[PDB]
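Remarks on the structure that follows.
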């Protein structure tokens, strides 16, 4: 619902989300070459 | 879960080496885990 | 003390990062820890 959102907010009006009590499977994310830039700071994406 | 044989433990991300046993000390309901002296994880409660 | 690193425990650093970017953090841990051990050994030697 966040990545496939119909519209995105402005950069000056960045919207902040709440995510809790759920299982995250980031393996699907970086394995798809649909993102031009995928940079991580402080944690390896392969070990998420 | 294993008790009397030292293994690799990983409780909600926190991980290390050693052996486990039932704690003579008692936690309060909110408490997650304890630490003896400095950087000595001495007791955790099973998340399951 | 983390000695300016991301964390203090080795397990968290090795889990969060990958070696080509972890090695700097483990190295920054090593320099401080070696300094502390050298200080302790020097103090113990003069005391002895």
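Protein chains in written order, with PDB author numbering: chain E, 340 to 387; chain L, 533 to 580; chain R, 968 to 1015. Ideal Cβ positions, reconstructed from N, Cα and C, are used throughout, including at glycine.
>> How far does the beta strand (DSSP E) with residue 546/L in it extend, from its first residue to its last?
In response: Start at 1 with the first residue of the second chain, and residue 546/L comes out as number 14. Residue 546/L: member of the beta strand (DSSP E) spanning 546-550, first to last residue.
>> Can you check which of these residues, 551/L, 545/L, 544/L, 543/L, is closest to residue 537/L by C-alpha distance?
In response: Position 5 of the second chain holds residue 537/L. A check of alpha carbon separations from residue 537/L across 551/L, 545/L, 544/L, 543/L identifies 551/L as the nearest.
> Between residue 571/L and residue 975/R, is the Cβ-Cβ spacing less than 8 Å?
Replying inline: Against the second chain, residue 571/L aligns to sequence position 39. Against the third chain, residue 975/R aligns to sequence position 8. Result yes, Cβ atoms of residue 571/L and residue 975/R sit closer than 8 Å.
>> In this structure, how does DSSP classify residue 999/R when only helix, strand and coil are distinguished?
In response: Position 32 of the third chain, counted from the first residue, corresponds to residue 999/R. Helix, per DSSP.
> For the segment 976-988 of chain R, which residues have a CB atom closer than 8 Å to at least one CB atom of chain E, in sequence order?
Replying inline: From the segment 976-988 of chain R, only 982, 983, 984, 985, 988 have a Cβ closer than 8 Å to chain E.
> residue 540/L and residue 553/L look like a contact to me (Cβ under 8 Å); what is the Cβ gap, rounded to whole Å?
Replying inline: As a first step, residue 540/L is located in the second chain; it is residue number 8 there, counting from the start. As a first step, residue 553/L is located in the second chain; it is residue number 21 there, counting from the start. Between residue 540/L and residue 553/L, the beta carbon gap of about 16 Å keeps them out of contact (Cβ cut-off 8 Å).
> Can you pull the DSSP bridge partners for residue 539/L?
Replying inline: Here residue 539/L corresponds to residue number 7 of the second chain, with the count starting at 1. Residue 539/L is bridged by DSSP to 550/L.
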